[PDB]
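Order as written gives the chain letters A, B, C, D and E; numbering starts at 1 within each chain.
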Amino acid sequence: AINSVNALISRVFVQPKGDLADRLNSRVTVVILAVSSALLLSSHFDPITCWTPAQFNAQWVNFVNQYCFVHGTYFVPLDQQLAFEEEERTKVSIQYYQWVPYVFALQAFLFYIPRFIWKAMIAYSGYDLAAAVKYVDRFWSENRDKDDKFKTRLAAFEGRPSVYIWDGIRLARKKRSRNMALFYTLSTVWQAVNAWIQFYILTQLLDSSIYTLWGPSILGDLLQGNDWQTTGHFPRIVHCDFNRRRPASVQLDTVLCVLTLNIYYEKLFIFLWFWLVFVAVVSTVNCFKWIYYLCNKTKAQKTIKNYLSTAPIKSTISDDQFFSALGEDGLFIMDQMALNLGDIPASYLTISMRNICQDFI
Amino acid sequence: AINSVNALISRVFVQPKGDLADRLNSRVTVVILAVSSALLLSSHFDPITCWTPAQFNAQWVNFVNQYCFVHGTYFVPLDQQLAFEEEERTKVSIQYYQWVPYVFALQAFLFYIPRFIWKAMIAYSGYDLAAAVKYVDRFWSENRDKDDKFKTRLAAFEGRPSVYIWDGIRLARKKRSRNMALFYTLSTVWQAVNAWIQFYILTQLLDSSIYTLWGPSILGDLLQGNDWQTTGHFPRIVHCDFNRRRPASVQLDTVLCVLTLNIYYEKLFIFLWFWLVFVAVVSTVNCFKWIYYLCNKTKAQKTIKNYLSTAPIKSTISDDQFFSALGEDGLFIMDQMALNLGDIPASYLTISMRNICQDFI
Amino acid sequence: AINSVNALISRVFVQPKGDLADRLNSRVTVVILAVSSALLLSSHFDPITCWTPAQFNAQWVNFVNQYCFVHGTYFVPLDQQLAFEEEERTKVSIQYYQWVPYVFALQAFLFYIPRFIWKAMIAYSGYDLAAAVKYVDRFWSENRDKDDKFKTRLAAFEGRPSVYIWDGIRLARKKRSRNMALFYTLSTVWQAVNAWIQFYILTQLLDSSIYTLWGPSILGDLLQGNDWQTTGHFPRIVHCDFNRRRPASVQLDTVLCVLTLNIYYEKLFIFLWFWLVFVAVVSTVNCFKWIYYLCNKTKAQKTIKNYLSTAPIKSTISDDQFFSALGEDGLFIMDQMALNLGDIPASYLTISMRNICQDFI
Amino acid sequence: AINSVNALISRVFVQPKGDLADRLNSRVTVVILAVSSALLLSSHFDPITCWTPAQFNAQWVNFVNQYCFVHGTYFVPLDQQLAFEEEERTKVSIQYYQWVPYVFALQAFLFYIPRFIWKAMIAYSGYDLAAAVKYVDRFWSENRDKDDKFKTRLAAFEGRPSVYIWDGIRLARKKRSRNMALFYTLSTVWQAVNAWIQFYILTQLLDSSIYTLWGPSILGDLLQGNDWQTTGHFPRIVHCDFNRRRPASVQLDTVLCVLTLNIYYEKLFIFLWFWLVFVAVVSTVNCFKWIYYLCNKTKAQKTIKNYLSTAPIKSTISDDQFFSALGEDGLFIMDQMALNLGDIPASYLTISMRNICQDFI
Amino acid sequence: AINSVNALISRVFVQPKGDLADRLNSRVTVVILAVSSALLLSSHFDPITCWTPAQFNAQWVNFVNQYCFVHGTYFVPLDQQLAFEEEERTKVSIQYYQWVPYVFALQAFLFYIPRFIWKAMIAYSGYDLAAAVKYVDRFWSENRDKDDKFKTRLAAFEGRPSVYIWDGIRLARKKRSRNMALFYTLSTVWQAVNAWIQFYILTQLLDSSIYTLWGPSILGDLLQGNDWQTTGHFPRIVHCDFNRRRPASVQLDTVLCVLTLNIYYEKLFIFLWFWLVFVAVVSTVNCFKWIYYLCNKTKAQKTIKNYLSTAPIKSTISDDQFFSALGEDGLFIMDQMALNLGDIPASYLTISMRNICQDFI
């Protein structure tokens, strides 16, 4: 059959509204890992097929099938005979079927957490950016078109939106926010550390006792033409111990089982390793951006002092004390308005807020 | 069954808005290679069928089927007997089933990257073309029809849109853009090099040790009537080594397996080679266009100096110093407006911007 | 099952807007050949059934089925025995299964190319007919109904649309178009040559070594009652060589296989030959029309000089010098407006353009 | 399963707009023959079942099934033994499975051609009736309701629609139409001859060597209770020659096969013969109508001279010379307006055109 | 499975607009007989099952199944032995499977013809009732609600609708209609005779040689408890002659086949006989209504002379000569307006037409 779900993918992939730069790799990460996880445990609707001997009546084949899938499997390159005891034969032991498809779902969830941390944390800060942005937005969606306001366009932002934002600041500033920028940079630290932990989980996945995977080694093998049977690891043909019961208890034998899933798993561990290390390095530089921002803060004002330089007629109020009134809170939320509404609609907003800021400072 | 997906193909094939010339062969390339890849690994919902001997009970047939698919296969033209050892029989060894259907998906993704590079890079440059184009666009969609503005049509562009664009330039020009044209031509260099690398991946695909494919050789064979068995390569009937286990370990035999997929794969490697070399040569000339543009730049102004020659009443301001004010940034974004909105609506825009450009120069 | 796709057929069959006369046989050709191709390789969801002898266990039947389909088949009229060697038996050898269903898809694509050549070429010429036609169109869709403009109807075309068209000509005429008519007639030459090449591909299809098909011979046989077995070619019952492997290598035998597809293929090669030769002869006369047009050009003006003869009040400007101003470019685009908008709405447009043409000549 | 397609049947059955009287039996003919054809080759999703002897293993049953379907079948009434040689047994030979379901599709197409001839031919004539009719139509759809125009209703047709039609005549009359009526009557001759040829194809279908079908003979048999086995023709139980291969080559035997399709085919050849002869005789009288029209032409004016007799106030212009101005072209297009818009809305149009016709004559 | 088609049943069952009294039993008749016919030949997706003896291998069971269905079957009450020869055993011979399900479809079509006769015939008469009724209808749908016209309501019908109808009469009366009432009563004669012929076809169906069916006999048996086996006719268990072929030719035997369809067929021949005789007697009285109408015609005017008796203020014009002007044509179309629009909206129309009728008489 075929399964194509457009809508549910569009829910996370689209619906929640933000343009946040490359923080939307949480949005797409959840989709990739969620779809891969839900696809693998779907078993491509036979995971494993086996050689079980002549006289089994085919209700046992459908048994030794699972009993090989559930109980572990192992591998030996072939011609070593079987070795002996339980050890040298079981030395290389490949069962990651138990982990991978579920631990991916867990991965995806742990990529979704940081957004939740940011929503709950901004609701803790007291000043909601979602409402403000969606407001000044549609203010800019209405009268951008209307020709009645252009020569007035500057004075239009003065009354209606700028009093809304500048009014929200008065309420928030009395409740648990001068700090909301700090809360944001903690959110992005959590983003980075989360990414690296996920990557490390990919590495330590499979089993650390038998190697570990990271891409340029595997591609540095395949592209040398080492396949599997001559590379000594990661096989597609696995022997399977097997146990009946009689008054002689164990009665174990070895039945080799061709193994399909191992053709997918290491075709997508070459991709998904590159893509997770990419999400890691693009998420970790975004963090140092904001520690730099939070630290220097004298060059955090370059964008605002830049917008105030266009400033038709440049009326009166001085520069510094405007930052004295706006400094802790608004200096951030402006860096948010520029990121969503665009650039030019923000400059009008921050040049209007300079005119009406008196009573507060 | 039948699978027909119109919508998801229309998402990439349509939804993101641009007319960029023959840069939309990334758009269609992703569709061709993505659909081919997703179709091949669908196995036309039997990949390979085999001759396995008389006494197997049909749970082994369904085994030696995979065990032949997963483990490699090879070919010998027939009547050579089997030769001997492991080598002369395995000399020509055909397994590209492992690579092709997945490496196509990887291809498609690597065709989608350059668009991403251009979006992220223009967001780095500071001046967003998407917003501007979509703005002056619907400005031209509203009052193109309205009869109240025609004798005023020139003066209409003066106030409303031209102040928007010409205002965006003031903001961008202070932040990391005189260069956005250079960023664009780097994007197109990446486009070309990406295309040629993809083509080279097609060539080196299959296995370089046993020939390599490029079209006029294969068609230069088929159209001479060499099929396969007499051309010595690329078969549809492949022998398959096979291994049981007993106290005598290997016990290998040879069971020839009729092989269906090889009827598709080299029907679409004749097409897809031509089509990739075409995308290559149409993408590589588009690049030299922009290096020429970026270099000479005295003949990059021919279109603007051309629009200013229609110029009703040709009021006052001289020619050169207009380019002195507009030169680095706007000279590009105009070449973008002409490409999307059409030609005649752009000439009005660039003849209006000449009138209101004073304060900035 | 049943597959009925209305929408995707309506996309090519309808969506792209033009009335171009019998150039829409590219539009319908792509549909016929695409649907036939996609239907044939669907195998009418058994291509071939065979007689394979008594003791095969039905996993071999499902093998010799393909091994007969993939490896070639041949035919002998029956009672000749088998002849001998490999030659006299294989003299008539029927395998076109490999070619036909795919080479049809290739056909269809090569019918779609010329439209692409025309779009890209008109975008090279500098003056876009699509925008202009869709503009003066909906200008004629709005105020055709409105009763306020009829006595003014002539003066209505004067201001709004005619300045748009006549303004586009000023821009184009400075960039790489006096020639757009020539580009068009090259497009139609490509149309004709493309058609004849496709037809010749039908002929040389099957195999030229064993006859070739063209309709009045086949119908000139069937309607004489020659079927197949007595006509010596084109059978529905084909013998199939077959090869096992043992220490005696070849072990070939002959197993006759009833062959279904051959009932479809030559029911639609009687139709599709007629229909391609029709598309050829209707496409090739359309070409000589435009070479005649491009050559004489004194009788290319008959339609315009005809429209200017209705001409209420026939004000002032002389005849010839109007053509001197309009000659190279507009004389074409008018022959385009007449073809899409209809006839009477074009006459108003070309009688209005005579009034406002002064400044340009 | 069940297949019900409403929309595609509604496309031809409805969408193209015309009321043309009983020329819409092309419209419905295409539907009947197309649906019958597509239903028969669907095989009622077993065409033929057979008696094949005891020891065949059921992969041969599924062979001799086709090999009987593809290779011909014959019939003998039973108890004649088998006769002998190849002739007396094969005398009556029933295979129309090869022809019927496809030749119906061909029929349907050849019913659709004449409409195409009429569209292309009217586009050759220079004056498009589709646009005009759809125009004066919605002119009559708008202000039929509006109460502001009734006492003015006559004067309403004077300005807006009548100048449109009467203006189109000026353009057409200069290009290849005084004749469009003649083109129409050639179209209807083609209609009639096409119908009779189709009917004759039904007759000569099956095989002329063994009888031929026309209804009152078959019903004149069935309703006498002659079924098949006693009527000597048209059986439901057919013997089937069959050929193996051994060192004795032919080895033919006779295996009688119950035959289902023959229960449908002559249930719908009783219907479809009546219905085609009806379409023939209703289409052939429609033709003599228009040859009469084109010939006498003094009584072709009875409808117009009839409309001019209601004529409130009957102002001035004489009768004959109005026909002198309108005679060749408009006299037809009026007989078209009466057929689509109805009758009363046409009389207003032709009584208005008498008032404004001066300048043209 | 399940098949439920609402829309196609709603097309005939609803879409064509008329209230014609009990002439809509053609509308519902077509649905009943069409659905029954299409359901029966669907075989309730096994028509007949049979006892065929022990040693048949189940590819013969699936043969003797059809060979019993196609070739006839017969019946004997049981214990008579088999009798002898071919006659006494085959005396009662039940095969109506061949006829019934198709002859029902033919029935339905022959119920649909009379509507077609009426549409074509009214289009022959020259005055189209469909347009008029649908016009004065929506005239009554608009201003019935509007409160501005009530005291004016009488004068409202005077200008707008009544001039439309009374104007159509002037055109029609000059072309082939004083007679349209006569055409209508011929249509209803055809309706009645058609109904009785259909009923007689039900009777003579099955086979007249073995009884015939009409309801009160069958129910007069079942409700006496005569079932089948003791009533001597109409069985559910039928013996089936059967023929192999050997050098002894016939080799016929008798294999009794349980027969399911016979449980449906005479459950719905009890219903459908009553329902057809009802449609007959309700359709035949509707006919004598109109012969009475057409004949006396002095009491055909009772409804109009009745409406003119309400007549506010009863202005001037006498009674009889109004009928002299309206007599042949309008006297009918009024009896049509009363049947569709209702009664009270018609009285206003016929009291308005009395006021404005002067010029015509």
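In this text, a contact is a pair of C-beta atoms (placed from the backbone, for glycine too) under 8 Å apart; a residue touches a chain by one contact, two chains touch by 3 or more.
Here's who's who by UniProt: A, B, C, D, E = Innexin-6.
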item	value
Chain whose Cα centroid lies nearest the overall Cα centroid	C
Chain A (Innexin-6) and chain E (Innexin-6), separation of their C-alpha mean positions in angstrom	69
Chain D (Innexin-6) and chain E (Innexin-6), separation of their C-alpha mean positions in angstrom	26
Two or more partner chains touched - positions in chain E (Innexin-6)	none
Category of the chain touch graph - line, ring, star, complete, other	line
Touching pairs - complete list by chain label	A-B, B-C, C-D, D-E
Contact set on chain C (Innexin-6) toward chain D (Innexin-6) in their complex	1-2, 4, 6, 21, 49-52, 54, 58, 61, 78-79, 81, 144-145, 147, 150, 236-237, 254, 256, 258-260, 263, 267, 271, 303, 306-307, 309-310, 342-344, 347
In the complex with chain A (Innexin-6), residue positions of chain B (Innexin-6) that touch it	1, 3, 5, 7-8, 57, 59-60, 62-63, 66-67, 70-71, 98, 102, 106, 123, 126-128, 131, 135, 138, 142, 159-160, 163-164, 167-168, 170-172, 174-175, 243-245, 249-250
